[PDB]
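Enquirer: Here you go, one structure.
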Amino acid sequence: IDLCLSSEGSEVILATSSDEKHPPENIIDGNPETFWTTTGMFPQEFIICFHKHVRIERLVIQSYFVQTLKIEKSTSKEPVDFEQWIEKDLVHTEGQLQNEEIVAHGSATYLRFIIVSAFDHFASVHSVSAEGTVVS
Ligand SMILES: [Ca+2]
Ligand SMILES: [Sm+3]
C-alpha cells in the first residue's frame with residue numbers, strides 16, 4: 001500500500017512466477033485477499049518499481065508460507081545495482097496470514113523482494129506496503 005500502490009504509479013516487474021490466477025500486480029492492489037504465488041523452486045523474487053524516487057520510513061508485508069525474506073534496494077534509473085537492505089526470518093502461524101512491519105529508512109527507485117525459502121512447497125505475497133515521501 002501507500003508508495004507501493006499501483007494506483008500511485010508503482011508497478012511489479014520481473015517476477016519469477018507468473019500464474020494467471022495469481023499475477024504479480026496482486027502484490028500492490030490494496031486488496032488483502034488477492035495475492036501473487038510462487039510456482040517453481042527457490043529463490044523466487046519480484047521487483048517493485050516506483051517510477052520515481054522515494055524515501056521509505058516503513059515497510060509492511062502481508063504473506064503466507066514465507067520463511068526467509070530478503071529485501072534489497074536500488075536508487076538507479078534501471079533495476080540494477082541493488083544492495084542488501086533487510087534479511088528477515090518470518091514465522092508461520094497456523095490458519096493465519098503473516099503480517100510483518102519493518103521500520104527502516106532508505107531511498108529507492110526499486111525494491112527487490114526475494115523469497116529465499118518457504119515453509120512449504122510454495123509461498124505467497126498478499127501485499128507489500130511502503131510508507132514515506134516522494135522525492136523530486
Ligand atoms: Ca493483494
Ligand atoms: Sm536467518
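All residue names refer to the C-alpha cells as shown: chains lettered A, B, ... in order, residues numbered from 1 in each chain, ligands numbered from 1 in order.
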Do you know which residues are within 7 Å of ligand 1 using only C-alpha atoms and all ligand atoms? Can you write them as a PDB file with C-alpha atoms, in the first residue's frame?
Expert:
ATOM      1  CA  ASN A  26      -1.777  -8.625  -6.922  1.00  0.00           C
ATOM      2  CA  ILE A  27       1.051  -7.552  -4.602  1.00  0.00           C
ATOM      3  CA  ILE A  28       0.193  -3.852  -4.921  1.00  0.00           C
ATOM      4  CA  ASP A  29      -3.569  -3.563  -5.498  1.00  0.00           C
ATOM      5  CA  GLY A  30      -4.559  -2.725  -1.926  1.00  0.00           C
ATOM      6  CA  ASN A  31      -6.630  -5.894  -1.552  1.00  0.00           C
ATOM      7  CA  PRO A  32      -5.632  -8.268   1.270  1.00  0.00           C
ATOM      8  CA  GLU A  33      -7.211 -11.321  -0.343  1.00  0.00           C
ATOM      9  CA  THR A  34      -5.594 -11.215  -3.800  1.00  0.00           C
ATOM     10  CA  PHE A  35      -2.032 -12.497  -3.977  1.00  0.00           C
ATOM     11  CA  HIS A 126      -0.682 -10.715  -0.473  1.00  0.00           C
ATOM     12  CA  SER A 127       0.590  -7.168  -0.116  1.00  0.00           C
TER      13      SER A 127
END
Enquirer: So which residues are near ligand 2, meaning at most 8 Å away with only C-alpha atoms and all ligand atoms counted, given back as a JSON list (two decimals) with C-alpha atoms, in the first residue's frame?
Expert:
[["chain", "number", "residue", "atom", "x", "y", "z"],
["A", 68, "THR", "CA", 13.14, -16.12, 4.82],
["A", 87, "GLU", "CA", 17.02, -10.12, 5.64],
["A", 88, "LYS", "CA", 14.12, -11.30, 7.81],
["A", 89, "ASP", "CA", 13.03, -14.73, 9.02]]
Enquirer: Show me, as a PyMOL selection string, the residues that have an atom within 12 Å of residue 107 in chain A when counting only C-alpha atoms, minus same-chain residues fewer than 3 positions from it.
Expert: chain A and resi 50+52-58+72-76+82-83+85+104+110-111+130-136
Enquirer: Of the residues A:81, A:62, A:105, A:48, which is the one nearest to residue 124 in chain A, using only C-alpha atoms?
Expert: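 The shortest atom-to-atom distance to residue 124 in chain A comes from A:62.
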Enquirer: I'd like the neighbourhood of residue 122 in chain A as a PDB file with N, CA and C atoms, in the first residue's frame, where a residue qualifies if any of its atoms comes within 12 Å (using only C-alpha atoms), though same-chain residues fewer than 2 positions away should be ignored.
Expert:
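And here's selection21.pdb as it stands now:
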ATOM      1  N   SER A  17       7.540 -15.933 -11.010  1.00  0.00           N
ATOM      2  CA  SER A  17       6.374 -16.784 -11.200  1.00  0.00           C
ATOM      3  C   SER A  17       5.313 -15.926 -11.863  1.00  0.00           C
ATOM      4  N   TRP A  36       0.036 -12.938  -5.095  1.00  0.00           N
ATOM      5  CA  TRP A  36       0.940 -13.487  -6.099  1.00  0.00           C
ATOM      6  C   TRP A  36       1.475 -14.735  -5.408  1.00  0.00           C
ATOM      7  N   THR A  37       1.624 -15.831  -6.143  1.00  0.00           N
ATOM      8  CA  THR A  37       2.142 -17.035  -5.523  1.00  0.00           C
ATOM      9  C   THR A  37       3.274 -17.625  -6.348  1.00  0.00           C
ATOM     10  N   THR A  38       4.157 -18.366  -5.687  1.00  0.00           N
ATOM     11  CA  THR A  38       5.269 -18.991  -6.389  1.00  0.00           C
ATOM     12  C   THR A  38       4.802 -20.304  -7.007  1.00  0.00           C
ATOM     13  N   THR A  39       5.415 -20.646  -8.135  1.00  0.00           N
ATOM     14  CA  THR A  39       5.080 -21.855  -8.874  1.00  0.00           C
ATOM     15  C   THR A  39       6.260 -22.795  -9.087  1.00  0.00           C
ATOM     16  N   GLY A  40       7.471 -22.316  -8.825  1.00  0.00           N
ATOM     17  CA  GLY A  40       8.640 -23.155  -9.027  1.00  0.00           C
ATOM     18  C   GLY A  40       9.520 -23.310  -7.807  1.00  0.00           C
ATOM     19  N   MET A  41      10.825 -23.440  -8.038  1.00  0.00           N
ATOM     20  CA  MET A  41      11.777 -23.605  -6.948  1.00  0.00           C
ATOM     21  C   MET A  41      12.316 -22.269  -6.458  1.00  0.00           C
ATOM     22  N   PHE A  42      13.236 -22.315  -5.499  1.00  0.00           N
ATOM     23  CA  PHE A  42      13.764 -21.093  -4.903  1.00  0.00           C
ATOM     24  C   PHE A  42      15.240 -20.815  -5.158  1.00  0.00           C
ATOM     25  N   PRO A  43      15.662 -19.551  -4.993  1.00  0.00           N
ATOM     26  CA  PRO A  43      14.860 -18.394  -4.574  1.00  0.00           C
ATOM     27  C   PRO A  43      13.888 -17.870  -5.637  1.00  0.00           C
ATOM     28  N   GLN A  44      12.824 -17.226  -5.171  1.00  0.00           N
ATOM     29  CA  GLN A  44      11.819 -16.621  -6.037  1.00  0.00           C
ATOM     30  C   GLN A  44      11.915 -15.130  -5.738  1.00  0.00           C
ATOM     31  N   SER A  63       1.862 -11.853   3.859  1.00  0.00           N
ATOM     32  CA  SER A  63       2.190 -13.033   3.066  1.00  0.00           C
ATOM     33  C   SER A  63       1.745 -14.326   3.717  1.00  0.00           C
ATOM     34  N   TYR A  64       2.157 -15.441   3.123  1.00  0.00           N
ATOM     35  CA  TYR A  64       1.841 -16.754   3.660  1.00  0.00           C
ATOM     36  C   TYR A  64       2.938 -17.729   3.249  1.00  0.00           C
ATOM     37  N   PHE A  65       3.390 -18.526   4.208  1.00  0.00           N
ATOM     38  CA  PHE A  65       4.418 -19.532   3.990  1.00  0.00           C
ATOM     39  C   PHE A  65       5.814 -19.006   3.662  1.00  0.00           C
ATOM     40  N   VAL A  66       6.030 -17.696   3.763  1.00  0.00           N
ATOM     41  CA  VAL A  66       7.363 -17.149   3.501  1.00  0.00           C
ATOM     42  C   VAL A  66       8.234 -17.430   4.723  1.00  0.00           C
ATOM     43  N   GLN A  67       9.355 -18.115   4.527  1.00  0.00           N
ATOM     44  CA  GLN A  67      10.236 -18.429   5.651  1.00  0.00           C
ATOM     45  C   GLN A  67      11.311 -17.363   5.841  1.00  0.00           C
ATOM     46  N   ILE A 115      12.107 -14.194  -1.973  1.00  0.00           N
ATOM     47  CA  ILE A 115      11.603 -15.223  -1.078  1.00  0.00           C
ATOM     48  C   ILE A 115      12.697 -16.285  -1.161  1.00  0.00           C
ATOM     49  N   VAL A 116      13.587 -16.268  -0.180  1.00  0.00           N
ATOM     50  CA  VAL A 116      14.708 -17.196  -0.135  1.00  0.00           C
ATOM     51  C   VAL A 116      14.264 -18.632   0.124  1.00  0.00           C
ATOM     52  N   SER A 117      13.273 -18.794   0.994  1.00  0.00           N
ATOM     53  CA  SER A 117      12.767 -20.119   1.338  1.00  0.00           C
ATOM     54  C   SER A 117      11.332 -19.992   1.817  1.00  0.00           C
ATOM     55  N   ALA A 118      10.634 -21.118   1.856  1.00  0.00           N
ATOM     56  CA  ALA A 118       9.239 -21.143   2.271  1.00  0.00           C
ATOM     57  C   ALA A 118       9.009 -22.263   3.275  1.00  0.00           C
ATOM     58  N   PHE A 119       7.895 -22.168   4.000  1.00  0.00           N
ATOM     59  CA  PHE A 119       7.521 -23.172   4.992  1.00  0.00           C
ATOM     60  C   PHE A 119       6.845 -24.360   4.320  1.00  0.00           C
ATOM     61  N   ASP A 120       6.637 -24.252   3.013  1.00  0.00           N
ATOM     62  CA  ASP A 120       6.010 -25.320   2.241  1.00  0.00           C
ATOM     63  C   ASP A 120       6.612 -25.323   0.834  1.00  0.00           C
ATOM     64  N   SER A 124       3.349 -17.206  -0.734  1.00  0.00           N
ATOM     65  CA  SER A 124       2.505 -16.208  -1.374  1.00  0.00           C
ATOM     66  C   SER A 124       2.706 -14.842  -0.762  1.00  0.00           C
ATOM     67  N   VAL A 125       2.519 -13.810  -1.576  1.00  0.00           N
ATOM     68  CA  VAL A 125       2.633 -12.445  -1.105  1.00  0.00           C
ATOM     69  C   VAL A 125       1.317 -11.747  -1.409  1.00  0.00           C
TER      70      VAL A 125
END
Enquirer: So, counting only C-alpha atoms, which residue among A:84, A:79, A:46, A:94 is closest to residue 113 in chain A?
Expert: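 Nearest to residue 113 in chain A: A:46.
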Enquirer: One number please: CA of residue 3 in chain A to CA of residue 100 in chain A, in Å, one decimal.
Expert: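 Taking CA of residue 3 in chain A as the start and CA of residue 100 in chain A as the end point, the length is 16.8 Å.
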Enquirer: Between A:69, A:123, A:86, A:47, which is the closest to residue 103 in chain A once you count only C-alpha atoms?
Expert: A:86
Enquirer: Separation of CA of residue 49 in chain A and CA of residue 8 in chain A, in Å?
Expert: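 Those two atoms sit 11.0 Å apart.
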Enquirer: Could you tell me how far CA of residue 70 in chain A sits from CA of residue 22 in chain A, in Å to one decimal place?
Expert: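 Spanning CA of residue 22 in chain A to CA of residue 70 in chain A is a straight-line distance of 21.1 Å.
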Enquirer: Taking the DSSP secondary structure from the backbone, can you list the residues of range 6-120 of chain A that are helix (DSSP H, G or I), as a list in words?
Expert: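 Residues meeting the helix (DSSP H, G or I) criterion: residues 6, 7, 8, 24, 25, 26, 27 and 28 of chain A.
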Enquirer: Using only C-alpha atoms, find the one residue out of A:45, A:91, A:112, A:102 that sits nearest to residue 16 in chain A.
Expert: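 Closest residue, counting only C-alpha atoms: A:45.
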